[PDB]
Amino acid sequence: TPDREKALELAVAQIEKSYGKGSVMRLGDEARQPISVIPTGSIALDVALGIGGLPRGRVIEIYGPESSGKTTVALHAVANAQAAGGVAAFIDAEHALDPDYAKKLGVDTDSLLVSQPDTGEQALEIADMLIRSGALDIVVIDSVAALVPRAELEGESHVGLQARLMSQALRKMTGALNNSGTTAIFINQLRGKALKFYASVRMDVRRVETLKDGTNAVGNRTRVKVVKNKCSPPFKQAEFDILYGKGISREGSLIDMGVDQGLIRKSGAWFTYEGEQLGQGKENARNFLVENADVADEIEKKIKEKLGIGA
């Protein structure tokens, strides 16, 4: 028992040294907190990630069905990256992006770099060039499936080289990302093998149930599970709301997590905070916090402090 702890501590340290920090973790371990991360838009997800946002200088996968919210999540990283004076890029093999929607999440679309590559290799190459610049805070790739290799686009037997395309590229890219401190997000749709292992974070995104404003639908309750996490104990999940035309309810997530942490208290349907009241029913509380950014920030401030915060 007394020697065990010494021997196990040793083993973990050898492991932690011989391969990266986060090669082994107890699932109850406190997260090692970096200096800067990329907030996701949802405090719940930020907490589920352990480090209060997405890591910098790493590969990230966000995946799910069509109409999952995965892209929305990605665009908040993009918006937050910019919000902190960073420069963002978007490699587009889907041609689905809605910048009006993106603008209302908070993406500075005007200053967002975008590329619409011909081939899969070209896509990843451009990413790589853009990464090695070291001027880039984030780069999003939309999407994996659409990364069709040159040879296939020309007609040119060797089928399954789209994986070797990714493998080769990810090796080269993974090193480029670490030096620059740029994050790469690969959006990936369910309906590849390399990205699973190179990625430091993997997020499984799903649509749970539709939010209804009486007769009409105003959004969707979204669920995300961190299936892989090399920066903090994995398998955590968060729920939050994506509101049509607005995106992730930061206010709605602050309340959710506020009550969870006991910093917000219930008096029936009434949501209280520190003695003052926030509203009757979640919607009024949500609506109260958007009108009062100062109190919403105070709650965000307090949730972080009561755990590991970024500040």
# chains A, B, ... in the order shown; residues from 1 in each chain; ligands from 1
$ select_by_dssp --residues "stretch 59-185 of chain A" --states "strand (DSSP E or B)" --output "MDAnalysis selection string"
chainID A and resid 59:64 88:92 113:115 138:142 183:185
$ write_last_selection --atoms "N, CA, C and O atoms" --output "mmCIF file, in the first residue's frame"
data_model
loop_
_atom_site.group_PDB
_atom_site.id
_atom_site.type_symbol
_atom_site.label_atom_id
_atom_site.label_comp_id
_atom_site.auth_asym_id
_atom_site.auth_seq_id
_atom_site.Cartn_x
_atom_site.Cartn_y
_atom_site.Cartn_z
ATOM 1 N N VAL A 59 -4.275 19.235 -32.509
ATOM 2 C CA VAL A 59 -5.286 18.793 -33.453
ATOM 3 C C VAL A 59 -6.557 18.457 -32.685
ATOM 4 O O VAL A 59 -6.515 17.841 -31.620
ATOM 5 N N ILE A 60 -7.685 18.866 -33.251
ATOM 6 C CA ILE A 60 -8.984 18.701 -32.627
ATOM 7 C C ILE A 60 -9.953 18.136 -33.652
ATOM 8 O O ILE A 60 -9.966 18.560 -34.806
ATOM 9 N N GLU A 61 -10.736 17.155 -33.227
ATOM 10 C CA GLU A 61 -11.817 16.634 -34.033
ATOM 11 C C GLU A 61 -13.132 16.976 -33.357
ATOM 12 O O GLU A 61 -13.279 16.797 -32.154
ATOM 13 N N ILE A 62 -14.078 17.483 -34.138
ATOM 14 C CA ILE A 62 -15.458 17.631 -33.700
ATOM 15 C C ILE A 62 -16.312 16.884 -34.717
ATOM 16 O O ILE A 62 -16.277 17.206 -35.905
ATOM 17 N N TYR A 63 -17.057 15.877 -34.270
ATOM 18 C CA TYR A 63 -17.855 15.092 -35.195
ATOM 19 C C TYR A 63 -19.284 14.874 -34.740
ATOM 20 O O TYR A 63 -19.614 15.030 -33.566
ATOM 21 N N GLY A 64 -20.124 14.495 -35.696
ATOM 22 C CA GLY A 64 -21.527 14.210 -35.434
ATOM 23 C C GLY A 64 -22.298 14.095 -36.731
ATOM 24 O O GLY A 64 -21.725 14.260 -37.799
ATOM 25 N N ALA A 88 -8.074 33.890 -37.737
ATOM 26 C CA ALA A 88 -8.693 32.590 -38.001
ATOM 27 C C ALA A 88 -8.799 32.280 -39.493
ATOM 28 O O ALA A 88 -8.847 33.185 -40.323
ATOM 29 N N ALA A 89 -8.850 30.992 -39.821
ATOM 30 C CA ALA A 89 -8.944 30.534 -41.208
ATOM 31 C C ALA A 89 -9.914 29.369 -41.330
ATOM 32 O O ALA A 89 -10.124 28.633 -40.371
ATOM 33 N N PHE A 90 -10.484 29.196 -42.519
ATOM 34 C CA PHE A 90 -11.527 28.200 -42.744
ATOM 35 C C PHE A 90 -11.326 27.521 -44.093
ATOM 36 O O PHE A 90 -11.563 28.121 -45.135
ATOM 37 N N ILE A 91 -10.884 26.267 -44.063
ATOM 38 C CA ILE A 91 -10.668 25.489 -45.275
ATOM 39 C C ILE A 91 -11.953 24.732 -45.572
ATOM 40 O O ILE A 91 -12.403 23.916 -44.766
ATOM 41 N N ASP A 92 -12.527 25.005 -46.741
ATOM 42 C CA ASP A 92 -13.911 24.640 -47.040
ATOM 43 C C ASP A 92 -14.026 23.704 -48.234
ATOM 44 O O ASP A 92 -13.820 24.105 -49.378
ATOM 45 N N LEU A 113 -10.056 34.373 -42.941
ATOM 46 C CA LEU A 113 -9.468 33.750 -44.124
ATOM 47 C C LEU A 113 -10.262 32.509 -44.502
ATOM 48 O O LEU A 113 -10.687 31.741 -43.635
ATOM 49 N N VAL A 114 -10.472 32.331 -45.800
ATOM 50 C CA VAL A 114 -11.235 31.202 -46.310
ATOM 51 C C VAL A 114 -10.551 30.662 -47.545
ATOM 52 O O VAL A 114 -10.023 31.422 -48.352
ATOM 53 N N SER A 115 -10.569 29.345 -47.683
ATOM 54 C CA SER A 115 -10.063 28.704 -48.867
ATOM 55 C C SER A 115 -11.042 27.625 -49.295
ATOM 56 O O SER A 115 -11.650 26.960 -48.457
ATOM 57 N N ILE A 138 -6.263 29.992 -35.172
ATOM 58 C CA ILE A 138 -7.074 28.803 -35.407
ATOM 59 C C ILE A 138 -7.261 28.536 -36.891
ATOM 60 O O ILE A 138 -7.257 29.458 -37.702
ATOM 61 N N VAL A 139 -7.413 27.263 -37.234
ATOM 62 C CA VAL A 139 -7.789 26.864 -38.588
ATOM 63 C C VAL A 139 -8.789 25.712 -38.528
ATOM 64 O O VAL A 139 -8.557 24.705 -37.862
ATOM 65 N N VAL A 140 -9.911 25.888 -39.219
ATOM 66 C CA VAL A 140 -10.974 24.901 -39.248
ATOM 67 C C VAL A 140 -10.990 24.252 -40.624
ATOM 68 O O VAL A 140 -10.824 24.937 -41.634
ATOM 69 N N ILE A 141 -11.169 22.932 -40.652
ATOM 70 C CA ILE A 141 -11.240 22.178 -41.892
ATOM 71 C C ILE A 141 -12.635 21.587 -41.994
ATOM 72 O O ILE A 141 -13.026 20.779 -41.160
ATOM 73 N N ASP A 142 -13.379 21.988 -43.018
ATOM 74 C CA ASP A 142 -14.744 21.518 -43.206
ATOM 75 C C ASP A 142 -14.885 20.950 -44.617
ATOM 76 O O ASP A 142 -15.013 21.716 -45.562
ATOM 77 N N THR A 183 -4.332 26.129 -33.283
ATOM 78 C CA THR A 183 -5.237 24.990 -33.157
ATOM 79 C C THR A 183 -5.811 24.630 -34.522
ATOM 80 O O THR A 183 -6.141 25.510 -35.316
ATOM 81 N N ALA A 184 -5.931 23.336 -34.784
ATOM 82 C CA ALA A 184 -6.590 22.859 -35.982
ATOM 83 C C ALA A 184 -7.829 22.086 -35.576
ATOM 84 O O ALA A 184 -7.751 21.167 -34.766
ATOM 85 N N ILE A 185 -8.973 22.469 -36.126
ATOM 86 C CA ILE A 185 -10.212 21.753 -35.875
ATOM 87 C C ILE A 185 -10.639 21.065 -37.157
ATOM 88 O O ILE A 185 -10.817 21.712 -38.184
#
$ select_by_dssp --residues "stretch 160-222 of chain A" --states "helix (DSSP H, G or I)" --output "PyMOL selection string"
chain A and resi 161-180+193-198
$ write_last_selection --atoms "N, CA, C and O atoms" --output "mmCIF file, in the first residue's frame"
data_model
loop_
_atom_site.group_PDB
_atom_site.id
_atom_site.type_symbol
_atom_site.label_atom_id
_atom_site.label_comp_id
_atom_site.auth_asym_id
_atom_site.auth_seq_id
_atom_site.Cartn_x
_atom_site.Cartn_y
_atom_site.Cartn_z
ATOM 1 N N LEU A 161 -6.226 5.441 -50.379
ATOM 2 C CA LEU A 161 -5.078 6.345 -50.196
ATOM 3 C C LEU A 161 -5.471 7.682 -49.547
ATOM 4 O O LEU A 161 -4.604 8.501 -49.241
ATOM 5 N N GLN A 162 -6.771 7.900 -49.351
ATOM 6 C CA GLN A 162 -7.261 9.075 -48.626
ATOM 7 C C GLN A 162 -6.840 9.016 -47.155
ATOM 8 O O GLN A 162 -6.697 10.049 -46.506
ATOM 9 N N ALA A 163 -6.643 7.805 -46.639
ATOM 10 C CA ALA A 163 -6.121 7.612 -45.289
ATOM 11 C C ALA A 163 -4.625 7.918 -45.232
ATOM 12 O O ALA A 163 -4.172 8.599 -44.315
ATOM 13 N N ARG A 164 -3.860 7.417 -46.205
ATOM 14 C CA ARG A 164 -2.420 7.709 -46.277
ATOM 15 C C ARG A 164 -2.170 9.195 -46.532
ATOM 16 O O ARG A 164 -1.128 9.733 -46.156
ATOM 17 N N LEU A 165 -3.128 9.836 -47.199
ATOM 18 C CA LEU A 165 -3.136 11.287 -47.393
ATOM 19 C C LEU A 165 -3.221 11.996 -46.047
ATOM 20 O O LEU A 165 -2.440 12.905 -45.763
ATOM 21 N N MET A 166 -4.176 11.569 -45.227
ATOM 22 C CA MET A 166 -4.349 12.108 -43.883
ATOM 23 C C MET A 166 -3.171 11.780 -42.967
ATOM 24 O O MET A 166 -2.665 12.654 -42.272
ATOM 25 N N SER A 167 -2.742 10.524 -42.971
ATOM 26 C CA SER A 167 -1.648 10.076 -42.111
ATOM 27 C C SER A 167 -0.386 10.900 -42.338
ATOM 28 O O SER A 167 0.175 11.485 -41.399
ATOM 29 N N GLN A 168 0.046 10.949 -43.595
ATOM 30 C CA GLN A 168 1.240 11.698 -43.976
ATOM 31 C C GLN A 168 1.099 13.154 -43.559
ATOM 32 O O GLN A 168 1.977 13.711 -42.900
ATOM 33 N N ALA A 169 -0.032 13.747 -43.926
ATOM 34 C CA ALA A 169 -0.301 15.157 -43.661
ATOM 35 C C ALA A 169 -0.340 15.456 -42.175
ATOM 36 O O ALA A 169 0.281 16.407 -41.714
ATOM 37 N N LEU A 170 -1.077 14.643 -41.428
ATOM 38 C CA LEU A 170 -1.237 14.877 -40.002
ATOM 39 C C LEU A 170 0.094 14.820 -39.284
ATOM 40 O O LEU A 170 0.322 15.596 -38.365
ATOM 41 N N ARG A 171 0.973 13.912 -39.701
ATOM 42 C CA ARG A 171 2.306 13.866 -39.118
ATOM 43 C C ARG A 171 2.953 15.237 -39.294
ATOM 44 O O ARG A 171 3.295 15.891 -38.317
ATOM 45 N N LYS A 172 3.080 15.677 -40.542
ATOM 46 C CA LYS A 172 3.712 16.955 -40.851
ATOM 47 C C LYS A 172 3.011 18.112 -40.134
ATOM 48 O O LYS A 172 3.663 19.004 -39.598
ATOM 49 N N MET A 173 1.684 18.077 -40.115
ATOM 50 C CA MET A 173 0.892 19.161 -39.545
ATOM 51 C C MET A 173 0.989 19.207 -38.024
ATOM 52 O O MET A 173 1.041 20.286 -37.430
ATOM 53 N N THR A 174 1.009 18.033 -37.401
ATOM 54 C CA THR A 174 0.995 17.939 -35.942
ATOM 55 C C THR A 174 2.198 18.676 -35.336
ATOM 56 O O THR A 174 2.071 19.338 -34.301
ATOM 57 N N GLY A 175 3.348 18.580 -36.003
ATOM 58 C CA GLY A 175 4.556 19.286 -35.584
ATOM 59 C C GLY A 175 4.461 20.776 -35.846
ATOM 60 O O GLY A 175 4.875 21.590 -35.013
ATOM 61 N N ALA A 176 3.913 21.136 -37.004
ATOM 62 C CA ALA A 176 3.722 22.539 -37.361
ATOM 63 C C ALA A 176 2.823 23.253 -36.359
ATOM 64 O O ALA A 176 3.088 24.400 -35.997
ATOM 65 N N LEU A 177 1.766 22.573 -35.915
ATOM 66 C CA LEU A 177 0.822 23.152 -34.955
ATOM 67 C C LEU A 177 1.454 23.419 -33.592
ATOM 68 O O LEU A 177 1.199 24.458 -32.973
ATOM 69 N N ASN A 178 2.274 22.480 -33.126
ATOM 70 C CA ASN A 178 2.869 22.578 -31.796
ATOM 71 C C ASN A 178 3.773 23.808 -31.639
ATOM 72 O O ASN A 178 3.680 24.530 -30.644
ATOM 73 N N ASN A 179 4.619 24.051 -32.633
ATOM 74 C CA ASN A 179 5.516 25.211 -32.622
ATOM 75 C C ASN A 179 4.762 26.539 -32.632
ATOM 76 O O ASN A 179 5.026 27.419 -31.812
ATOM 77 N N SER A 180 3.823 26.664 -33.567
ATOM 78 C CA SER A 180 3.052 27.891 -33.767
ATOM 79 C C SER A 180 2.079 28.190 -32.635
ATOM 80 O O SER A 180 1.777 29.349 -32.374
ATOM 81 N N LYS A 193 -9.290 7.416 -39.621
ATOM 82 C CA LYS A 193 -8.632 6.535 -38.651
ATOM 83 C C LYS A 193 -7.428 7.234 -38.011
ATOM 84 O O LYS A 193 -7.199 7.105 -36.813
ATOM 85 N N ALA A 194 -6.676 7.986 -38.814
ATOM 86 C CA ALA A 194 -5.489 8.709 -38.335
ATOM 87 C C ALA A 194 -5.847 9.867 -37.410
ATOM 88 O O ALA A 194 -5.229 10.043 -36.360
ATOM 89 N N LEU A 195 -6.841 10.658 -37.812
ATOM 90 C CA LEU A 195 -7.271 11.814 -37.034
ATOM 91 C C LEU A 195 -7.669 11.432 -35.615
ATOM 92 O O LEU A 195 -7.459 12.196 -34.682
ATOM 93 N N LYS A 196 -8.250 10.246 -35.466
ATOM 94 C CA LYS A 196 -8.637 9.717 -34.159
ATOM 95 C C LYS A 196 -7.468 9.654 -33.172
ATOM 96 O O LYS A 196 -7.649 9.875 -31.973
ATOM 97 N N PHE A 197 -6.277 9.356 -33.684
ATOM 98 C CA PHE A 197 -5.101 9.155 -32.843
ATOM 99 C C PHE A 197 -4.202 10.380 -32.715
ATOM 100 O O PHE A 197 -3.522 10.539 -31.707
ATOM 101 N N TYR A 198 -4.187 11.224 -33.740
ATOM 102 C CA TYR A 198 -3.392 12.450 -33.721
ATOM 103 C C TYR A 198 -4.056 13.540 -32.894
ATOM 104 O O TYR A 198 -3.381 14.413 -32.348
#
$ residues_around --residues "residue A:33" --least-positions-apart "6" --cutoff "12 Å" --atoms "only C-alpha atoms" --output "list in words"
residues 47, 49, 50, 51, 52, 53, 54, 55, 56, 231, 232, 304, 307, 308, 309, 310 and 311 of chain A
$ residues_around --residues "residue A:101" --least-positions-apart "5" --cutoff "9 Å" --atoms "only C-alpha atoms" --output "ChimeraX atom specification"
/A:106-107,244-247
$ write_last_selection --atoms "N, CA and C atoms" --output "PDB file, in the first residue's frame"
ATOM      1  N   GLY A 106     -20.701  35.702 -33.567  1.00  0.00           N
ATOM      2  CA  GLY A 106     -19.613  36.588 -33.197  1.00  0.00           C
ATOM      3  C   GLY A 106     -18.360  36.433 -34.037  1.00  0.00           C
ATOM      4  N   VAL A 107     -18.443  35.724 -35.164  1.00  0.00           N
ATOM      5  CA  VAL A 107     -17.300  35.588 -36.070  1.00  0.00           C
ATOM      6  C   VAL A 107     -17.119  36.892 -36.840  1.00  0.00           C
ATOM      7  N   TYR A 244     -31.735  29.036 -32.970  1.00  0.00           N
ATOM      8  CA  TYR A 244     -31.738  29.298 -34.403  1.00  0.00           C
ATOM      9  C   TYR A 244     -31.366  30.746 -34.653  1.00  0.00           C
ATOM     10  N   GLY A 245     -30.412  30.957 -35.552  1.00  0.00           N
ATOM     11  CA  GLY A 245     -29.992  32.299 -35.921  1.00  0.00           C
ATOM     12  C   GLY A 245     -29.133  33.030 -34.903  1.00  0.00           C
ATOM     13  N   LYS A 246     -29.018  32.491 -33.687  1.00  0.00           N
ATOM     14  CA  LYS A 246     -28.197  33.110 -32.627  1.00  0.00           C
ATOM     15  C   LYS A 246     -27.000  32.246 -32.189  1.00  0.00           C
ATOM     16  N   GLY A 247     -27.178  30.927 -32.180  1.00  0.00           N
ATOM     17  CA  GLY A 247     -26.129  30.005 -31.767  1.00  0.00           C
ATOM     18  C   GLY A 247     -26.229  29.569 -30.316  1.00  0.00           C
TER      19      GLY A 247
END
$ residues_around --residues "residue A:202" --least-positions-apart "2" --cutoff "7 Å" --atoms "only C-alpha atoms" --output "mmCIF file with C-alpha atoms, in the first residue's frame"
data_model
loop_
_atom_site.group_PDB
_atom_site.id
_atom_site.type_symbol
_atom_site.label_atom_id
_atom_site.label_comp_id
_atom_site.auth_asym_id
_atom_site.auth_seq_id
_atom_site.Cartn_x
_atom_site.Cartn_y
_atom_site.Cartn_z
ATOM 1 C CA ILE A 60 -8.984 18.701 -32.627
ATOM 2 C CA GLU A 61 -11.817 16.634 -34.033
ATOM 3 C CA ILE A 62 -15.458 17.631 -33.700
ATOM 4 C CA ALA A 199 -6.165 14.521 -32.150
ATOM 5 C CA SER A 200 -5.647 15.760 -28.612
ATOM 6 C CA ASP A 204 -18.921 13.837 -30.207
ATOM 7 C CA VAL A 226 -15.332 14.532 -24.958
ATOM 8 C CA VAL A 227 -14.598 10.981 -26.077
ATOM 9 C CA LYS A 228 -10.865 11.726 -26.204
ATOM 10 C CA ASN A 229 -8.977 14.272 -24.124
#
$ residues_around --residues "stretch 150-152 of chain A" --least-positions-apart "5" --cutoff "12 Å" --atoms "only C-alpha atoms" --output "MDAnalysis selection string"
chainID A and resid 117:123 157:162 165
$ closest_residue --among "A:14, A:261, A:23, A:182" --to "residue A:78" --atoms "only C-alpha atoms"
A:182
$ closest_residue --among "A:109, A:18, A:42, A:1" --to "residue A:239" --atoms "only C-alpha atoms"
A:42
$ residues_around --residues "residue A:73" --least-positions-apart "3" --cutoff "8 Å" --atoms "only C-alpha atoms" --output "ChimeraX atom specification"
/A:40-41,69-70,76-77,248
$ write_last_selection --atoms "N, CA and C atoms" --output "PDB file, in the first residue's frame"
ATOM      1  N   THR A  40     -15.277  27.780 -25.791  1.00  0.00           N
ATOM      2  CA  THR A  40     -16.111  27.092 -26.774  1.00  0.00           C
ATOM      3  C   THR A  40     -17.408  27.821 -27.050  1.00  0.00           C
ATOM      4  N   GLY A  41     -17.777  28.732 -26.154  1.00  0.00           N
ATOM      5  CA  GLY A  41     -19.077  29.403 -26.210  1.00  0.00           C
ATOM      6  C   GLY A  41     -20.017  28.929 -25.115  1.00  0.00           C
ATOM      7  N   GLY A  69     -24.806  20.322 -34.909  1.00  0.00           N
ATOM      8  CA  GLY A  69     -24.335  21.537 -34.240  1.00  0.00           C
ATOM      9  C   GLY A  69     -22.820  21.621 -34.233  1.00  0.00           C
ATOM     10  N   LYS A  70     -22.168  20.554 -34.690  1.00  0.00           N
ATOM     11  CA  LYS A  70     -20.711  20.501 -34.754  1.00  0.00           C
ATOM     12  C   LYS A  70     -20.088  21.761 -35.381  1.00  0.00           C
ATOM     13  N   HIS A  76     -17.697  29.029 -32.906  1.00  0.00           N
ATOM     14  CA  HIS A  76     -17.472  29.746 -31.649  1.00  0.00           C
ATOM     15  C   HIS A  76     -16.015  29.762 -31.259  1.00  0.00           C
ATOM     16  N   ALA A  77     -15.330  28.635 -31.419  1.00  0.00           N
ATOM     17  CA  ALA A  77     -13.886  28.636 -31.235  1.00  0.00           C
ATOM     18  C   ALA A  77     -13.323  29.730 -32.124  1.00  0.00           C
ATOM     19  N   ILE A 248     -25.076  29.294 -29.717  1.00  0.00           N
ATOM     20  CA  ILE A 248     -24.997  28.762 -28.360  1.00  0.00           C
ATOM     21  C   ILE A 248     -25.384  29.822 -27.342  1.00  0.00           C
TER      22      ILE A 248
END
$ closest_residue --among "A:145, A:74, A:190, A:285" --to "residue A:266" --atoms "only C-alpha atoms"
A:285
$ closest_residue --among "A:225, A:4, A:212, A:191" --to "residue A:243" --atoms "only C-alpha atoms"
A:212
$ closest_residue --among "A:262, A:218, A:105, A:234" --to "residue A:28" --atoms "only C-alpha atoms"
A:234
